[PDB]
């Protein structure tokens, strides 16, 4: 069933290309027995794979309309039939689900996350560091990849089964693999 996956790493570490590489290869993105792919909502620009754009800048669009979708009232439109079982990929996710004060009221656009499996929604959130995100979103993460670089830029993909709040410091509990891409990744993406 549906899960929430976190991808972190500094700008230019290759988070978006890894994401597109996954979309190009991973089972959840393939067409079903009827030739139908799961609907993809994303804010990633230059993505060639069919998707629906979501606005993450609340000043630009704080609410959805019958014409454009805001990430900010996802709790509303995500529950509608045409959108069940969809996949949501939010780049720079701190724009939608930032860290919040301890014991403050939990917003509607966060409250629904803990029941995201009901709507069968897979969610990927990319950001530069886990602590930019709502703890209430982080608690739900069941796969965390972090791209680490050794500064002769050898990149390692670190993987945990929960959100690692301090990824480089927690690398010893990660599964480490060489950072890898689909060689056709640019057929699907332009930055």
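Positions refer to the first chain, counted from 1.
- Between the stretches 5-13 and 164-172, it is 164-172 that shows the larger average CA temperature factor.
- Two stretches are in play, 144-152 and 43-51, and the higher mean C-alpha B-factor belongs to 43-51.
- Note on the listed residues 57, 134, 32, 159: the highest Cα temperature factor in the record is that of 57.
- Annotation for residue 36: C-alpha temperature factor in the lowest third relative to the rest of the modelled chain, per the entry.
- The PDB entry assigns residue 69 a C-alpha temperature factor belonging to the highest third of its chain's modelled residues.
- Sort the chain's modelled residues by C-alpha temperature factor and residue 61 lands in the highest third, per the entry.
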